[PDB]
Amino acid sequence: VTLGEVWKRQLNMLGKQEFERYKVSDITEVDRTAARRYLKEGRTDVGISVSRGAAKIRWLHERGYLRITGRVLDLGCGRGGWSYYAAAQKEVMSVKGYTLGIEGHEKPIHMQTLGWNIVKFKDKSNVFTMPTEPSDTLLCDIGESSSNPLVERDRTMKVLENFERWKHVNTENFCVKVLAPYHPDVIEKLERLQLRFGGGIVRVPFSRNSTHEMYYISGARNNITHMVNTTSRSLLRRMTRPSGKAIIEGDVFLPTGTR
Ligand SMILES: Nc1ncnc2c1ncn2[C@@H]1O[C@H](C[C@@H](N)CC[C@H](N)C(=O)O)[C@@H](O)[C@H]1O
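For each chain, numbering begins from 1 and proceeds through the sequence as written. The entry may number the same residues differently, and residues missing coordinates are not shown. For the side-chain quantities, the full set of heavy atoms in the structure was used; hydrogens and water were omitted.

This entry lists X-ray crystallography as its structure determination method and reports a resolution of 2.00 Å.

Within the PDB entry, the label attached to the protein reads methyltransferase, and the organism entered is Wesselsbron virus. For this entry, the PDB record gives the title as "Wesselsbron virus Methyltransferase in complex with Sinefungin and 7MeGpppA".

Right, dumping it as C-alpha cells:
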C-alpha cells in the first residue's frame, strides 16, 4: 500500500547484477582503503575509524541533525565507530557503548583516537534486557536487515519501543536507527514519539539503496510521513534509472590521544 512496500517488493525481485548495480546507485560512500591498511597492520594509534558507520554519524553531526554532548550512550555500538567519533568531540564528557558481540568482527575494537580514555565498552550486552541509565546524548544504531518486510517491521518497532524506554528527561540529544520507517505501524509510532520528544527523521546519503533505513534525530523538526515518502520516491527513481555508481569521498579521520 505504501511506496516503501512497493520498493521492498521490487527490490527483492531484482536479478543479481541488477541488485548489485542498484544498491550503490548515486549513494555517497567513504574510501575505507587507508583505514583498512592500517588496521591490517595493527595500527590502533592512528587517526582512523573502526567502521564505515562513522561516516553516518559524522554527516548527521556536521549537517546539524544531531548535537553530541555530555554523557553519551551508544546502544548497539558494534566495533565502536560512533563511540569513537563522539569521544573526539569537544562537548563530550564520556562515552558508554553497549553491544551484543555475538560475532567476532562485531565486538568493540580498541583504538587510541582522541578521547579513547573516556570511552568504556561493554560487550555481550543486550540493551533490550538491561536497565536504562541516564544520558545527555542517546545513540542507537540497531536494526538488522531482512528480505522479509514483516520481520523488518517487527525489529524496527522493538528498537523504537526500547528507545522510548531509554529516552531520559535529561536526554536532550538523540539519534535512533529506524530500519524500516515506511511501515504504517512504524510511522504511527514515530508520530507519537515526536509529540513527546520532538525531533524528526532523515535519510543519510551513505545508506545503500538496498535499505530504507532512516534516523530519528533531535536536531531537526520535520514531517515523518513526508520525509519517509520522499525517500521512498528517491529509492524507486534510482531503481528505474540506476547509475550503478557511488560518489566516493574521504573517510572519517580523527585526532589522536587522551582527553
Ligand atoms: N539487542 C541488542 N543489544 C545490543 N546490541 C545489539 C542488539 N541487537 C543488535 N546489536 C548490535 O548493534 C550493532 C549495530 C551496528 N550497525 C552498529 C555500527 C556502529 N554504529 C559503528 O559505527 O560501528 C551490531 O553490531 C549488533 O550486533
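There is more to say after this.
**Q** Tell me what's going on with the sheet that holds strand β7 (residues 200-202), and back it up with residues and numbers.
**A** An order of β4-β3-β2-β5-β6-β8-β7 is seen for the 7 strands of this open sheet, with the pairing classed as mixed. Where the open sheet ends on each side, the last strands, each with one partner, are β4 (119-122) and β7. Sheet twist, expressed as the average angle between the axes of neighbouring strands with direction ignored, equals 20°. Note on pairing: DSSP must find at least two bridges between two strands before they are called paired. Helix and strand assignments come from DSSP, with helices taken as H or I runs of at least 4 residues and strands as E runs of at least 2, each series counted from the N terminus. Strand direction decides the pairing type here: strand β3 (residues 92-98) and β4, joined by 4 bridges, are parallel. Counted as the bridge partner of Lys96 is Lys120 from β4. For this analysis, residues touch if any pair of their heavy atoms sits within 4.5 Å. Convention adopted: a line fitted to C-alpha atoms gives each axis, helices being fitted over their contacting stretch, and angles between N-to-C directions are expressed from 0 to 180 degrees. Helix-sheet contacts for helix α8 (residues 224-240) involve β7 and β8 (214-217), and the interaxial angle to β7 is about 10°.

**Q** So, the layout of surface pockets: which residues are in play, and what are the values?
**A** Cavity means a closed set of points on a 1 Å grid over the protein atoms alone, one where a 1.4 Å probe fits but cannot get out, pocket means an open set with protein on both sides within 12 Å along at least 5 of 7 lines, and lining means a residue has an atom within 4 Å of a point. Grid points are joined across faces, edges and corners, and a volume is the space filled by probe spheres set on the points. Each pocket or cavity is described by its volume, and for the largest pocket that value is around 1400 Å³. Forming the boundary of the largest pocket are 40 residues, of which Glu106, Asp141, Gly143, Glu144 and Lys177 lie nearest the centre. Of all elements in the fold, only β1 (28-31), α4 (54-62), α5 (81-87) and α6 (149-166) reach the threshold of two or more residues within the lining of the largest pocket. For the lining of the largest pocket, the per-class residue count stands at 12 nonpolar, 15 polar and 13 charged. Here the nonpolar group is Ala, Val, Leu, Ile, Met, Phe, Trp, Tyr, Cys and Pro; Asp, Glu, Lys and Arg are the charged ones; every other residue, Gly included, is treated as polar.

**Q** Before we move on, can you summarise the side chain of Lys23 with the specific residues and values?
**A** Positionally, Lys23 belongs in helix α2 (residues 16-23). Nitrogen and oxygen atoms within 3.5 Å of one another constitute a polar contact, given that in protein one can donate a hydrogen and the other can accept it, and given that sequence-neighbouring residues count only through two side-chain atoms. A polar contact of 2.8 Å, which involves the side chain of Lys23, links it to the side chain of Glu20. Once residues within four sequence positions are removed from consideration, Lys23 is found in contact with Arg208, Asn209 and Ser210.

**Q** Provide a residue-level description of the pattern of salt bridges, including the pertinent values.
**A** Each salt bridge in this description consists of a side-chain nitrogen of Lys or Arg and a carboxyl oxygen of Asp or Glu lying within 4 Å of one another. Using the criterion set out here, one finds 16 salt bridges in the structure. When the shortest N-O distance is used, the salt bridge between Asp123 and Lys107 registers 2.7 Å. In this pair, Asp123 sits in the loop between β4 and β5 (137-140) while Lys107 sits in the loop between β3 and β4, placing the two residues 16 residues apart along the sequence. Partly exposed residues are those whose accessible area sits between 20% and 50% of the maximum for their type, while under 20% is buried and over 50% is exposed, using a 1.4 Å probe and protein chains only. Judged by relative accessible area, which is 28%, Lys107 ranks as partly exposed.

**Q** How would you summarise the site of the ligand if you had to cite specific residues and measurements?
**A** Residues in contact with the ligand amount to 18 residues; listed here are only the nearest, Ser51, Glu106, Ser125, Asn126 and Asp141. In the environment of the ligand, an oxygen atom lies 3.4 Å from a nitrogen or oxygen atom belonging to the backbone of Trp82. Contact between the ligand and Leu100: a nitrogen atom at 3.2 Å from a main-chain N or O atom of the residue. Computed with the Shrake-Rupley method and a 1.4 Å probe, the accessible areas treat only the protein chains shown as cover for residues. Isolated, the ligand exposes 600 Å² of accessible area, and the fraction of that covered by the protein chains is 83%. In this description, a molecule resides in a pocket or cavity if more than half of its atoms sit within 2 Å of the grid points defining it. In a pocket analysis with a 2 Å cut-off to the grid points, the ligand is assigned to the largest pocket. Of the residues assigned to the shell around the ligand, the class counts are 7 nonpolar, 9 polar and 2 charged. Only a single heavy atom is needed: when it lies within 4 Å of a molecule or strand, its residue is near that molecule or strand.

**Q** Can you lay out the packing of helix α7 (residues 184-197) against α8 for me, pointing to particular residues and giving the numbers?
**A** It is the contact of α7 with α8, at a shortest axis distance of 10 Å, that shows an interaxial angle of 140°. Here α7 is positioned oblique relative to α8, judged by the angle of their axes. Between α7 and α8, the residues in contact are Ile187, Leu190, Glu191 and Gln194 and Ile224, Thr225 and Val228, respectively. Among the residues forming the contact of α7 with α8, the class breakdown is 4 nonpolar, 2 polar and 1 charged. Every angle not falling under 35 degrees, over 145, or within 65 to 115 is termed oblique; those three ranges are roughly parallel, roughly antiparallel and roughly perpendicular.

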